Amino acid sequence: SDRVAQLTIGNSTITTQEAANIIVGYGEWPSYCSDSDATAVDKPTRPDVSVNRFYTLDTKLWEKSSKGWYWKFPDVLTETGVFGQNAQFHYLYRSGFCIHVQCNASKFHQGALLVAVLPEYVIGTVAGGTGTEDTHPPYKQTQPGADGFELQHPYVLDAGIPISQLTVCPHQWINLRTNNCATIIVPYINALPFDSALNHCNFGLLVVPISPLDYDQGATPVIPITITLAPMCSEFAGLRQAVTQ
Amino acid sequence: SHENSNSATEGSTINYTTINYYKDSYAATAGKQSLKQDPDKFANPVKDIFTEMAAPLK
Amino acid sequence: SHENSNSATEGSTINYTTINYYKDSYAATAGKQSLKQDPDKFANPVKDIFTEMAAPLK
Amino acid sequence: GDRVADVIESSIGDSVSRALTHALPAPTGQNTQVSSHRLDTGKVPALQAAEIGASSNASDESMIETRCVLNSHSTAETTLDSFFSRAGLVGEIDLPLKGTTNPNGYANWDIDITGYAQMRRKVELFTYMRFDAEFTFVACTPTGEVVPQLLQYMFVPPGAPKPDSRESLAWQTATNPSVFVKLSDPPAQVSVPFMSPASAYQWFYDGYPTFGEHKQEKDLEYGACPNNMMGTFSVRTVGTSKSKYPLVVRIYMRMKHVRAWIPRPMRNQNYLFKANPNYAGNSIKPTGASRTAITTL
Amino acid sequence: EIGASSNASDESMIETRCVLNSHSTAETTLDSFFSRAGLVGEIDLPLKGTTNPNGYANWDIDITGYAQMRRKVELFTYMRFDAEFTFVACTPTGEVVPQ
Amino acid sequence: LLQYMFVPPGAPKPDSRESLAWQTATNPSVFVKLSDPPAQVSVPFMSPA
Amino acid sequence: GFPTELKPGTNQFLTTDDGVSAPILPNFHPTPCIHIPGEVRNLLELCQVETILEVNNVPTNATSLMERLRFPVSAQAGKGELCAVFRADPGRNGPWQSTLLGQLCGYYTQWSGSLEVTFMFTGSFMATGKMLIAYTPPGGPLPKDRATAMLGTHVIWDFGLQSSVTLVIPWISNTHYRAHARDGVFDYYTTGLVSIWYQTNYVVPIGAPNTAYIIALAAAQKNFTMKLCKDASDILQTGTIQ
Amino acid sequence: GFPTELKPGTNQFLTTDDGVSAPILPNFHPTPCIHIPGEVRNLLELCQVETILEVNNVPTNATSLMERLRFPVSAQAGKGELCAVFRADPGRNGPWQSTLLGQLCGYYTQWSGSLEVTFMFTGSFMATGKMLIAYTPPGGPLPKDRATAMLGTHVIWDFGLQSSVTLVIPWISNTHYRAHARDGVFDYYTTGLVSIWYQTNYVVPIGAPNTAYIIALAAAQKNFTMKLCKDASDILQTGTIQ
Amino acid sequence: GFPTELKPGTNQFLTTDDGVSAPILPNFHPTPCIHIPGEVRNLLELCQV
Amino acid sequence: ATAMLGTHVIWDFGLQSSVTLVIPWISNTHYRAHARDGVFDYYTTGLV
Ligand SMILES: CCO/N=C/c1ccc(OCCCCCN2CCN(c3ccncc3)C2=O)cc1
Ligand SMILES: CCO/N=C/c1ccc(OCCCCCN2CCN(c3ccncc3)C2=O)cc1
Ligand code: NA
Ligand code: NA
Ligand code: NA
C-alpha cells in the first residue's frame with residue numbers, strides 16, 4: 001500500500017509492486033510560471049499531453065565493477081518526441097520532472113544504488129593529474145545526451161565534492177532486497193523563470209552503486225538499470241526556427 | 001522611515017529588525033532574523049508521510 | 001524645520017524628501033524624487049490626437 | 001470562451017506551487033519529554049527504511065527512558081546572516097614600483113571572490129544566493145606600513161571603460177562610483193546592493209553562456225554565467241607621476257540580508273582555479289582522517 | 001510624418017501573456033543621473049614652473065573643460081540646480097604634506 | 001598596521017605571518033594602526049559551563 | 001563631550017554619497033523660476049521618442065555620412081530576396097548607436113523592456129510593395145532565407161497611404177534584465193536579429209524611380225526601464241579641452 | 001559643532017561588527033526575487049539530514065575510496081564477535097568527517113544535542129541476522145566483549161522487511177555544551193564509543209552471498225544546536241587559486 | 001555630516017571608564033546559568049564573617 | 001525507444017500476476033469495418 005504504485009501521465013502508465021514511496025524534491029510540486037515571476041511577454045505554448053508523458057531513454061548494465069553514471073536535464077530529452085521539437089523551436093523553456101529509475105533482480109541478489117538529483121551539476125576535470133593543467137570537460141561530457149556518461153571518480157562526483165553528502169539532495173535508494181525502483185518528482189529549479197533547454201542543464205541525475213552488486217554463479221548475471229522520465233507542466237516561449245544547439 | 005525598499009531581503013518570509021541612516025535600505029545593518037525552520041523540506045520530502053510508530057514500508 | 005526656502009527646486013511640481021542641518025535648504029541632500037512622467041510632451045505633441053487602432057491619416 | 005469538458009476541468013496554468021512542508025518557529029532546541037518503558041507489538045519506532053529517502057524519525061523518547069529536559073539553547077547563531085555576516089578576505093591588489101605586474105601605478109581587479117578558499121568553501125554550500133554586502137578596503141605597504149598616499153577606487157560596471165593607465169580619462173568618474181581615501185585614513189567601507197540581472201547569484205552554472213558549437217577552444221566558457229560577473233574594481237595612486245611607495249590593497253567582504261537555496265555537498269578536495277571545480281586527479285584524498293582497522297580506534 | 005512616435009504596443013502586434021512588471025523607474029530621474037560627483041576642474045600650484053610659480057591661482061568657474069561631465073549636462077538646454085563641490089588636494093605624486 | 005584574531009578551540013592557529021588562517025572568514029579579527037587609539041571590544045561569557 | 005567612536009569609512013570621499021554640506025552663502029535666495037516649456041523629469045521620457053536608426057551603417061567618408069540615415073529598396077526578381085539585417089541589441093555597437101535610446105542606454109549597465117522600430121517608406125506615391133520584417137529571438141542564427149525568417153516574430157508591411165509600419169521587438173529574455181551585449185560571454189544577453197525581406201516586390205509604373213529609400217525610427221516601449229548607472233563607453237576628448 | 005569625545009575602538013575595523021555603510025548606488029532597485037525551491041533558513045535544517053558516515057575509514061588509495069562508504073557483515077562462528085567500532089564524537093577527526101553534520105559542525109566551537117545513526121542492511125532478501133549496536137557514554141573504555149558493551153545504551157537490530165534501524169546517541173554530558181573533542185585535555189568533551197556486535201549470526205541459505213554490506217547514515221536530533229562561530233580546521237588551498 | 005567638535009579626553013583610555021564596546025560575536029547566546037549555592041552580591045557580606 | 005513514443009504500460013512482475021494494456025479507441029471514423037490488406041487497411045487499429 002506504499003510498496004505498490006501506478007504513475008499515469010499523458011498516454012503512458014508505469015506500475016511497480018516494490019516501491020519505496022515517492023520523493024517530492026524540496027517539498028514542492030511542479031507548477032507553471034506565475035504572472036508576477038514571469039518577464040517575457042509573449043503568450044507561452046503549453047502542449048500538455050503530447051510532451052508531459054513518460055519517455056524511456058536508456059538502459060545501463062549494472063556490474064560488480066560499475067562506477068556509476070549521470071544524465072543531464074533537460075539535455076536527455078532535447079532530441080526526443082514532441083518535447084524535443086518544442087525545445088528546439090523555442091528559445092525559452094521550463095518544466096518539472098517525474099523520474100522513475102528501474103532495476104529488479106531476485107531475492108538472492110544484493111546491492112544498493114543511490115539515485116539522486118543534483119541541481120547545477122557542474123563537471124570538473126582532473127587538471128592533468130598534477131593539478132597544474134587547467135583542462136575543461138568537453139561538450140560530450142557536460143551534456144552526454146540520452147546515453148548519459150560514466151563517472152571517472154565517483155567518490156568526488158567528478159567535481160571535487162563528497163558523494164557521501166549527496167543525500168542532502170532529493171534522493172532514494174534502490175536496495176535490491178527492498179525495492180526495484182526509485183521515483184523522484186522535481187519542480188523547476190533555476191534563478192530565472194524560464195531558460196534555454198539547450199544551453200543550460202538545470203540538474204543532473206546520478207545513479208551510483210554504493211553497495212556493489214553481488215550474486216552466486218548461476219543466478220541471472222545481466223541486471224539492467226532503466227531510466228524513464230516525464231516532463232511536468234512544460235511551457236515554451238520565444239518561437240523561431242528549430243536549433244539543435 | 002521613508003526610504004527606498006532596495007534591500008536584498010525585501011519581501012522575504014522572515015522579518016528583520018535593522019538600523020540605517022541612508023535613503024537606501026540595503027545600506028542597513030544585518031540585524032536580527034526571525035527564527036523559523038523547515039527541516040522536513042530536506043529531511044522528509046515524502047509524498048505519503050509515515051508515522052514514527054509505524055513500519056515505514058507496508 | 002524653520003529654514004530659508006532657497007533650494008533650487010523650491011516650488012517644483014514634484015515633492016522631495018531630504019535631510020539637512022543648516023538654515024539654508026540648498027544645503028540639503030538630494031533625497032528621493034517623485035516618480036511622475038510625461039512622455040507625450042516629446043513623443044506625441046500633436047494637436048488632434050489619433051488612436052492606436054485608427055489609420056493616422058484620413 | 002471554453003466548452004469541451006477536458007479544457008474546463010484542466011489544471012494547465014496553475015501557478016501556485018503546492019508545498020508539502022511549512023516553516024515553524026524554533027528559537028531554541030527541542031525539549032525532552034519524560035518517557036517510560038514500552039513493551040508493544042505493532043509499534044516499532046526504531047525500524048526505518050532509508051530507501052524512501054527520508055531521514056529517521058526515531059526520537060530519544062522512544063529509544064530509551066528519558067527524563068524531562070527544558071532546553072533553552074538558542075538557535076540564533078546558525079541563521080544564514082549569523083554564519084555569513086562576518087568579513088573575510090576575497091581579493092588582494094598589488095601596486096608595486098618596479099615590478100612585473102602593475103608597474104604603472106594602477107590596477108584592475110575582476111570582481112570574483114572565488115580566489116580564496118575560506119570564503120569560497122562557505123558560500124559554495126549553497127547553489128543560489130542573494131545578498132547585499134559591505135566591502136572594506138585595507139591599504140598599506142608590503143611591510144604593513146602606513147604612508148601619506150592618496151588613492152582612488154572606482155567601480156567599473158560591465159560596459160563602462162576600464163582605465164588603461166594612471167592617467168586614463170575614465171578616472172573623471174562622472175557616473176561610476178569612486179572613493180578617494182588616504183592610506184592613513186581608516187579602511188574605506190561601503191555598502192553594495194544585490195546587482196545581478198537574475199534573482200540570485202549562483203556559484204554553479206551547468207551550461208554555456210551562448211549558442212553554437214562548443215568546440216575545444218571554447219570549452220573555457222563552460223560554467224561561465226554573466227549573471228555572476230558584476231564588473232571591475234579599479235584602483236590608482238592619484239597623480240601624474242609614479243608614487244614613491246609600493247602598495248597592497250586587501251579586500252574584505254561581509255554579506256548581509258542573505259537568502260540561499262539548494263544546499264550541496266561541501267568541497268573536500270583542494271581548489272585549483274577560480275572558474276571551476278577542477279581537482280588534482282593524482283591527489284584525490286579521503287574527506288577525513290583514516291585508521292588501520294575498522295575494529296580499533 | 002506627423003511627428004509623433006508610434007503608438008503600437010506589444011499587445012496589438014503579437015499574442016501576449018500577462019506580465020506584472022515591478023521594475024523601478026527611480027534610477028532614471030534627473031537627480032539619480034546627475035547627483036554623482038565628477039571631475040570638472042584642476043588647478044596646479046607648481047614650484048619652479050611656467051604657469052603659477054607664485055603660489056596662488058585663479059580658476060574661472062566653467063565646468064566645460066572635461067568631456068564626461070560636459071556631455072551629460074549638454075543633453076539639456078536649460079538647467080537649474082544646487083551643487084556640492086569637493087576639493088581634493090595633494091602633490092603630483094599623490095602625496096599628502098602638512099600644508 | 002596590525003591584525004588581531006580570536007581563534008576559538010578547534011580553529012586553525014596561524015603558524016606564520018602569512019598563514020592562510022588570516023583570511024579570517026569566520027573568526028573575528030580586528031585591523032588597527034598603532035597610531036589609532038587602543039582597539040577595544042566586548043566579549044560575552046563563552047564557557048560550556 | 002558626548003561619547004562617540006569613529007567607524008571605517010571615516011574621512012573617505014564617496015562620489016555618489018548623498019550627504020549634507022555647509023552652505024557658502026547664508027540667507028541667499030535664488031532667482032525665481034519662471035515657466036519654461038519642455039521640462040523633463042525622467043530619462044525614460046526621452047527613451048520613448050523615436051530617433052533615426054542607422055541600419056545602413058557602412059559609408060564612412062565625410063561626404064557620404066548622410067547616406068547612413070536611409071537604406072534602399074528597388075524592383076527585384078521575386079525570389080523573396082533579402083533587403084537588410086541588423087542586431088536588435090540596443091546597447092551594442094552598431095546601428096543603434098545613432099539613436100538617442102542607444103546613447104542614453106550607454107549610461108546604464110542593465111536594461112529591460114520591449115523596443116519598437118518604425119519604418120517609413122519615402123518612395124513615390126505610385127510605388128507599391130509588400131515587405132516581411134522579422135525578429136529572430138536568441139539562439140536563431142541569421143535566417144538563410146525568407147522561409148526561415150518567417151518562423152519568428154514578424155510583420156508583413158503593405159505600402160500605401162500610411163507611409164509607415166511598426167515592428168515591435170517584444171521583450172523575450174530569460175533574465176528580467178539584460179546587461180549590454182557584446183562578443184564573448186556577454187552575448188548571453190543578446191536580444192536577437194532583425195531581417196527585412198521582399199514579400200512580393202517593389203512595383204512601379206513607367207515614369208517613377210526604380211529605387212527608393214526607407215528611413216528607420218527607433219525607440220522603447222512603455223515597459224522599458226534601465227538600472228545601475230555607469231559611465232558611457234565613449235569619452236569625447238583627445239587631449240585637454242582649452 | 002556638537003561636543004563629542006572619541007573613545008577607544010575608534011578607527012578599528014572589526015570583521016564581525018554589524019554597522020552601517022554608505023551605499024554606492026543611490027536609488028538602485030534590485031531584480032525582483034522570483035520563487036526558487038529549497039530555500040534554507042538555518043544551518044540546523046541541514047544538520048537533520050542524514051549523510052553517509054564512513055565507519056570504514058581505512059582504505060586510502062584512489063581506486064578504493066568508495067569502499068569507505070560501507071562496511072561488511074558475514075557468517076561467523078557465533079562467539080558474539082565484534083563487527084566494528086567508532087567514536088561518537090561528531091566534531092572529531094574520524095568517520096564523522098564524511099558527514100555534512102561533521103562538516104557544518106566544524107564552523108562552530110560548541111555543540112549540544114542528541115545524534116542518530118541509521119544503519120541500512122544491503123544484503124540479499126534471503127539473509128537474516130541480529131546485531132547489537134551499543135553506545136558507551138564517557139569513561140567506559142572500548143568494550144572488550146559483547147557482554148561489556150551490552151551494559152550501555154543499545155539497540156538489538158533484527159534484519160527483515162525494514163532494511164534499517166536507528167541507534168540514538170542520546171545527549172549524556174556533564175556540561176550543557178561540548179567543545180570539539182580531541183586527544184589531550186579536550187578529551188574532557190568526548191561523547192563516547194559506538195560498537196557493533198553479532199547478537200546471533202548472519203545466516204543465509206544455499207545460493208546467496210556470504211558477505212553483505214551495511215551503509216551508515218548519520219544526522220542530529222531536534223534538540224541539537226551549535227554556538228560560537230569559528231573557522232573550519234581545513235583550508236582547501238595550497239598556493240594561490242588562479 | 002552632522003556638525004560635531006572633539007573635546008579634551010578624546011582618544012584616552014581610562015581603565016575605570018564604563019562605556020560601550022562593539023561585540024565580537026553577534027547573536028551569540030551564553031550557556032544558561034544553573035543554580036549554584038553561595039552567590040555573593042557585596043563584599044560587605046564577607047566583611048561580616 | 002521508438003515503441004515507447006506511443007501508448008504504453010510498464011509492467012512489473014510481482015504478487016499481482018497480471019497487467020492490462022488498454023488499446024483505447026483512437027480512430028478517425030466513428031466505426032471501423034474489418035481491416036485487411038488493401039484499401040481496407042484504412043480501418044487498421046494499429047500494432048502491439
Ligand atoms: C567606489 C567603489 O566602491 N565599490 C566597491 C565595490 C565592491 C564590490 C562590488 O560588487 C561586489 C559583488 C560581489 C559578487 C560576488 N560574486 C557573485 C557570484 N560570484 C561568482 C563568482 C564566480 N563564479 C560564480 C559566481 C561572485 O564572485 C562593487 C563595488
Ligand atoms: C570658499 C569657496 O568655496 N566656494 C566654492 C565654489 C564652488 C563653485 C561655485 O560655483 C559653481 C557654479 C557652477 C556653475 C557651472 N556652470 C553654469 C553653466 N555653465 C556654463 C559653462 C559654459 N557655457 C555655458 C554655461 C557652467 O559652467 C562657487 C563657489
Ligand atoms: Na560640508
Ligand atoms: Na561607510
Ligand atoms: Na568598541
# chains A, B, ... in the order shown; residues from 1 in each chain; ligands from 1
call {"tool": "interface_residues", "arguments": {"of": "chain J", "to": "chain A", "cutoff": "9 Å", "atoms": "only C-alpha atoms", "output": "JSON, numbers by chain"}}
result
{"J": [1, 4, 5, 6, 7, 8, 9, 10, 11, 12, 13, 14, 15, 16, 19]}
call {"tool": "residues_around", "arguments": {"residues": "residue D:202", "least_positions_apart": "5", "cutoff": "7 Å", "atoms": "only C-alpha atoms", "output": "number ranges by chain"}}
result
D: 127-129, 228
call {"tool": "closest_atom_pairs", "arguments": {"of": "chain E", "to": "chain D", "cutoff": "9 Å", "atoms": "only C-alpha atoms", "output": "tab-separated table"}}
result
residue	atom	partner	partner_atom	distance
E:33	CA	D:175	CA	7.6
E:34	CA	D:175	CA	7.8
E:35	CA	D:175	CA	8.6
E:36	CA	D:175	CA	5.8
E:37	CA	D:174	CA	6.0
E:38	CA	D:174	CA	3.9
E:39	CA	D:172	CA	5.0
E:40	CA	D:172	CA	8.1
E:66	CA	D:172	CA	7.9
E:67	CA	D:172	CA	8.7
E:68	CA	D:174	CA	5.9
E:69	CA	D:174	CA	5.6
E:72	CA	D:174	CA	8.7
E:88	CA	D:180	CA	8.5
E:90	CA	D:150	CA	7.6
E:91	CA	D:239	CA	7.5
E:92	CA	D:239	CA	5.1
E:93	CA	D:239	CA	4.7
E:94	CA	D:239	CA	4.8
E:95	CA	D:149	CA	4.8
E:96	CA	D:148	CA	5.2
E:97	CA	D:148	CA	7.5
call {"tool": "residues_around", "arguments": {"residues": "residue B:34", "least_positions_apart": "5", "cutoff": "9 Å", "atoms": "only C-alpha atoms", "output": "list in words"}}
result
residues 13, 14, 15 and 16 of chain B; 25, 27, 76 and 79 of chain D
call {"tool": "residues_near_ligand", "arguments": {"ligand": "ligand 2", "cutoff": "6 Å", "atoms": "only C-alpha atoms and all ligand atoms", "output": "JSON, numbers by chain"}}
result
{"E": [62, 63, 64, 85]}
call {"tool": "write_last_selection", "arguments": {"atoms": "N, CA, C and O atoms", "output": "PDB file, in the first residue's frame"}}
result
ATOM      1  N   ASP E  62      33.990  77.316 -14.769  1.00  0.00           N
ATOM      2  CA  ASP E  62      33.411  76.808 -16.006  1.00  0.00           C
ATOM      3  C   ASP E  62      33.683  75.295 -15.995  1.00  0.00           C
ATOM      4  O   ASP E  62      34.838  74.859 -15.986  1.00  0.00           O
ATOM      5  N   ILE E  63      32.637  74.480 -15.998  1.00  0.00           N
ATOM      6  CA  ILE E  63      32.859  73.039 -15.956  1.00  0.00           C
ATOM      7  C   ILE E  63      33.012  72.363 -17.317  1.00  0.00           C
ATOM      8  O   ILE E  63      33.119  71.142 -17.380  1.00  0.00           O
ATOM      9  N   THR E  64      33.032  73.129 -18.403  1.00  0.00           N
ATOM     10  CA  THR E  64      33.120  72.515 -19.726  1.00  0.00           C
ATOM     11  C   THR E  64      34.491  72.040 -20.210  1.00  0.00           C
ATOM     12  O   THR E  64      34.650  71.731 -21.390  1.00  0.00           O
ATOM     13  N   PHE E  85      30.363  70.922  -4.025  1.00  0.00           N
ATOM     14  CA  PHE E  85      31.717  70.907  -4.564  1.00  0.00           C
ATOM     15  C   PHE E  85      32.697  70.337  -3.551  1.00  0.00           C
ATOM     16  O   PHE E  85      32.671  70.686  -2.369  1.00  0.00           O
TER      17      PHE E  85
END
call {"tool": "closest_residue", "arguments": {"among": "G:8, G:23, G:239, G:152", "to": "ligand 4", "atoms": "only C-alpha atoms and all ligand atoms"}}
result
G:8
call {"tool": "select_by_dssp", "arguments": {"residues": "chain B", "states": "strand (DSSP E or B)", "output": "VMD selection string"}}
result
chain B and resid 4 17 24 32 36 to 37 46
call {"tool": "interface_residues", "arguments": {"of": "chain D", "to": "chain I", "cutoff": "10 Å", "atoms": "only C-alpha atoms", "output": "PyMOL selection string"}}
result
chain D and resi 71-79+81-83+85-86
call {"tool": "write_last_selection", "arguments": {"atoms": "C-alpha atoms", "output": "JSON list (two decimals), in the first residue's frame"}}
result
[["chain", "number", "residue", "atom", "x", "y", "z"],
["D", 71, "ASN", "CA", 16.05, 23.10, 26.62],
["D", 72, "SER", "CA", 16.59, 26.81, 26.19],
["D", 73, "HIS", "CA", 19.70, 26.60, 23.97],
["D", 74, "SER", "CA", 19.40, 29.25, 21.24],
["D", 75, "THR", "CA", 19.33, 28.55, 17.50],
["D", 76, "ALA", "CA", 20.19, 32.13, 16.58],
["D", 77, "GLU", "CA", 23.85, 31.69, 15.64],
["D", 78, "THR", "CA", 23.07, 29.25, 12.85],
["D", 79, "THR", "CA", 20.92, 31.58, 10.75],
["D", 81, "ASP", "CA", 23.17, 36.05, 8.39],
["D", 82, "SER", "CA", 24.97, 34.81, 11.53],
["D", 83, "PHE", "CA", 27.04, 32.36, 9.51],
["D", 85, "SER", "CA", 27.87, 38.25, 8.00],
["D", 86, "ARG", "CA", 31.50, 38.09, 9.06]]
